């Protein structure tokens, strides 16, 4: 299958590369061709060579790479830099953590987790980006290492995060993980 996309000039090489990869995978959700049977060609237009409604149009500035934004945010939270972390977030950002704990302030999350473990560090197995008609959604999963409250080190505890975005910013975060399934009880 051969995909052509006509777009206005001004997107970077890295943005074209994301788009090309995204278009290729889209095809594979229906057509079981190997990526190597799938071609994407991009035709760039200058503003004077494009009109819609008898009117030139302004290119929509590119969204950042949603998976990179999520990783940057999650890195910034591990560095405990809440000021910087907030710059990734919409005004109405909402987090849901295990138990259904719903929170809108990053400080609330620090206090709530403080007693659940001393710290946790993420190892990422995978980032998947789900393209929706409401923009991208990011899933990332892997394992946690850290220490329980009494200091006991743990390791290889599975986690997954889901982020929904709006206009490039993180708008919703949901978290599921295996901490309470691996916590020592007896």
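Residue numbers count along the first chain shown, from 1.
- Taking the PDB entry as given, 49-57 carries the higher mean Cα B factor of the two stretches 23-31 and 49-57.
- Ranked by Cα temperature factor within the chain, residue 147 sits in the middle third according to the deposited record.
- Residue-level temperature factors show residue 127 in the lowest third of its chain, judged at the C-alpha atom.
- When the CA B factors of the chain's modelled residues are split into thirds, the value for residue 39 lands in the lowest one.
- Residue 74 sits in the lowest third of its chain by CA B factor, as recorded in the PDB entry.
- Among the modelled residues of its chain, residue 6 has a C-alpha B-factor that falls in the lowest third according to the deposited record.
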